[PDB]
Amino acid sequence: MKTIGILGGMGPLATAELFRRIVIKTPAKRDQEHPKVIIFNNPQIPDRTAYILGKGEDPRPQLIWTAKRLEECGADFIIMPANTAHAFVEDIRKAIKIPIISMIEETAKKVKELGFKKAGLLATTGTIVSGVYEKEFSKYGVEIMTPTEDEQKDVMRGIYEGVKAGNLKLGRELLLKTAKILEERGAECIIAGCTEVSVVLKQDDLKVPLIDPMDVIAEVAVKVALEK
């Protein structure tokens, strides 16, 4: 089996949730049949969105350092529970020697498989501005729909003032309301494009399929780690 490397701490709760889902999604008769998982939860990585919006330091030096620590530590491949950080996935890849399985790309493949051609995106303004999902989803013929500028501020509040601050109730209420707004506008499916959203939203809260990049990457990581 291959050792799964998790480059996290963006934020810590989302990182802990991805790991939990990986264990739950792992089939086995005894513990020794579970794959090795090395998690480097590095919360000191500068906020990804702030940099993209020109209001903070570049997170690449720390992202790369964390990836390198994972390599030295024993990881065979890396998964990163941070959608916004994927805006620099290519920069990280070029600096290291092990593969990084993109949550964005795997999620796009999943959406394509379902047959949806339009998706409502719940993500940080950083992710939206950088075009992470727009660029990747276009490759598979999927169109992205985001909330209005004012509604997007509620999304950012739910993520930052909410989940990242420990106030899950506030995060959930603001993210769920925006999710329903997208559904009213015809969203064929909803993308939990921010790991903090993955933490508080579930299929039972929506009227259309909820595509969660965290579940997708958890499944992919488990399959790869076990099939070789």
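Don't overthink the numbering: it's just position in the shown sequence, from 1.
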Check your understanding: Which wins on mean Cα temperature factor, 200 to 208 or 12 to 20?
Key -> 200 to 208
Practice item. On mean C-alpha B-factor from the PDB entry, just flag whether 21 to 29 or 212 to 220 is the higher one. Key: 21 to 29
**Study point:** Identity of residue with top Cα B-factor, from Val111, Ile128, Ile104, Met80
**Key:** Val111
Point to revise | Which of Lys68, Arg60, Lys164, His34 ranks first by CA B-factor in the deposited coordinates | key: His34
Revision key, fill the gap. On the chain's distribution of Cα B-factors, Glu183 falls within the third called middle
Study note, to complete from the structure: Split the chain's modelled residues into thirds by Cα B-factor; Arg157 lands in the middle
**Study point:** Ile100 by Cα B-factor - lowest, middle or highest third of the modelled chain
**Key:** middle
Study note, to complete from the structure: Among the modelled residues of its chain, the C-alpha B-factor of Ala85 falls in the third labelled lowest
Revision key, fill the gap. Chain-relative C-alpha B factor for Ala50 (record values, thirds): the lowest
